[PDB]
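What follows is a short report on a single structure.
Naming follows writing order (A, B, C, D, E, F, G and H), and every chain is counted from residue 1.
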Amino acid sequence: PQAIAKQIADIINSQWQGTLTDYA
Amino acid sequence: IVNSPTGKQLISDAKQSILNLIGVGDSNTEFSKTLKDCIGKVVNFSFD
Amino acid sequence: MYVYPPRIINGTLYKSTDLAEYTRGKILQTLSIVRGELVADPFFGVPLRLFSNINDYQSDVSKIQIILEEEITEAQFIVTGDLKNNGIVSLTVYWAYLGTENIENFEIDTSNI
Amino acid sequence: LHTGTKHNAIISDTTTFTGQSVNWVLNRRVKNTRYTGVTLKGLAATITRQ
Amino acid sequence: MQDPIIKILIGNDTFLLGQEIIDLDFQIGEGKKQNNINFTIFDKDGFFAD
Amino acid sequence: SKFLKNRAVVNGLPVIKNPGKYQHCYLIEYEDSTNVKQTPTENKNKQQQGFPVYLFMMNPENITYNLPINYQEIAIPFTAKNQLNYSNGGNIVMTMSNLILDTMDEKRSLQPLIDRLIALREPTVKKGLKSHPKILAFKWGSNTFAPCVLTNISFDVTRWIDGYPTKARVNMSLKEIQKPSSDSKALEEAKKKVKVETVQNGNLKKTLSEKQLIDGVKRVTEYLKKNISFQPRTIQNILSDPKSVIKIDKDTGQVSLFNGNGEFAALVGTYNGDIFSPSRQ
Amino acid sequence: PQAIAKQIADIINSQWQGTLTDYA
Amino acid sequence: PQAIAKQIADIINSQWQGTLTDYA
């Protein structure tokens, strides 16, 4: 619930770090 | 539905006894209405 | 309101302002209309079964009870069945009109037609 | 300072209040103005006095 | 061990720990971050929400 | 025991007469529950004939009814109890297990019964639109269960003849559903409006029909030509124009005069379904 | 699946609204 | 974990496509 809401930030944040690193 | 220059308003109608019984404790009315009627606390009085 | 049985009394249909007799007329109408006798509503009516042995004679009583409860929601119904001698099955419908707290008489019943 | 509210009416009775610091007051309205011959402390003092 | 007390004064009423307070958040910011609060209470019939 | 029973509650229960015949329960269509045998033999092409969907060959030894009532918990910290809030009441689940099907000695196949019970999962095509399956009622003697739907069914076959089952155990579960409104959706709205329990907005509970509009125009013209001399000068001078029409609103019934230019001129009165009420003096 | 997709979306929304009020 | 991180990412992508085609 809040645990998973947070886990989701961590996921989205890291996914959007992946995109930053995935791009020229 | 009553029409107003502001907008449509749903209005309850019944004999006044039922209106008083339903609104007992002022539960149905919104707090904004209560605050509105007490906004004018200082009341002008006349002196003789 | 016009009660069910159309009777021209004093030159007009019998119009009563008491909901007890109107409900009684509704009960009489429900049991005056058999299923299929009404055109627009062929489903409204009491299911009638006459020439059959008296083994499952409580099922008809139960079905009549549910039918009475369904349509007439302003009254409480209890239907009982009894076996008489030759071929008569006696159905007794005990009804009470929930609006009143006492049994209400009707002055049209004592009227001499 | 209270700035927002949320409420779930259906069954679960939950009301969420939100408040912010007083800097939110300084960030409410967009302004157009000019300052001349004033130090940083003086400018901050006038803005806070406003 | 934690023995918390939480008391929130809003408008003209108070919410205490163990009465209606469900959850409470915080923020004490310095630069890019400001100070904010987000707290959730149990609002039977939504009265306080009203 | 019968020495510890509470006679106060026992004596308050109805007394049931023993049937003169052994009774077998069955599943019937809902709305067909109060229908008797309309025909000596079932006709599949026509509906509402009062014939059971599935006739039990043997009665259940026991029937289990289950009912959960759903409350929602809110755990406020540092309180002695949770806050329980009623959410919903839930549906009654009926279960009959270990039902017996036995035709081994008769050398008769049970496959038609199994097919009949299985066919209760298929969508019943209505007009041409696939719809939900048949809504059932479990009837036993004078007792019924509810509007119910078959939810789970299972067969365990132990004997066969030529591959056709002849001895099986059947476990089935029904679920009570909301009673379908026999009242039509339009009738429900109409009877909602008749009791004036719906919202009003100045409109009539019945929108005037075109014939009703014609008749209302007739009545308005009759009244206007009868009472022309008592109308205000500002009304009779616009009625003197042959290019003036009378228009009645379809939803509110207000009657209006339109001058030669074609614009609204004056309000004459109101017209409901039957009578024309002229405006106040 | 869709229930959780929606939950996650709502989590993200409240985390974004959080960020709106988190920053000055 | 990574399975769900990917699921969540895909949920977000499709949710955004919803919004892209939700607004005039």
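Everything below uses one rule, namely that a residue touches a chain if its C-beta (ideal position, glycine included) is under 8 Å from a C-beta of that chain, and two chains touch if they have at least 3 such contacts.
Asks: To bring chain A onto chain G by a C-alpha fit, how many degrees must it turn, rounded to the nearest 5?
Replies: 120
Asks: Closest chain to the overall C-alpha centroid, by per-chain C-alpha centroid: which is it?
Replies: Centre-most chain by C-alpha means: F.
Asks: Whole-Å distance, chain B centre to chain C centre, using C-alpha means?
Replies: Inter-chain centre distance comes to 50 Å.
Asks: Please compute the C-alpha centroid of chain B, do the same for chain D, then give the distance between them in whole Å.
Replies: Inter-chain centre distance comes to 33 Å.
Asks: I'd like to verify one number: the distance from the centre of chain F to the centre of chain G, where each centre is the average of its C-alpha atoms, in whole angstrom.
Replies: For chain F versus chain G, the centre distance works out to 42 Å.
Asks: Per the centroid of Cα atoms for each chain, what is the distance between chain A and chain E, given in Å?
Replies: 29
Asks: Hunt down the residues of chain H that sit against at least two other chains at once, touch-wise.
Replies: 8, 12
Asks: Touching at least two other chains at once: which residues of chain F meet that condition?
Replies: 74
Asks: Indicate the residues of chain C shared as contacts by at least two other chains.
Replies: none
Asks: Considering the complex alone, what residue numbers of chain F touch chain D?
Replies: It comes out as residues 72, 74, 85-87.
Asks: Given the complex with chain E, which residues does chain D contribute to the contact?
Replies: It comes out as residues 2, 5, 7, 9, 13-21, 23-24.
Asks: For a test of understanding, state which residues of chain F touch chain E in their complex under the given definition.
Replies: Interface residues on the chain F side: 74, 76-79, 83.
Asks: Could you list, by residue number, the parts of chain G that touch chain A in their complex?
Replies: Against chain A, chain G makes touches at 7-8, 11-12, 14-15.
Asks: Enumerate the contact residues on chain E facing chain D in the complex.
Replies: For chain E paired with chain D, touching residues are 10, 22, 29, 34-46, 48-49.
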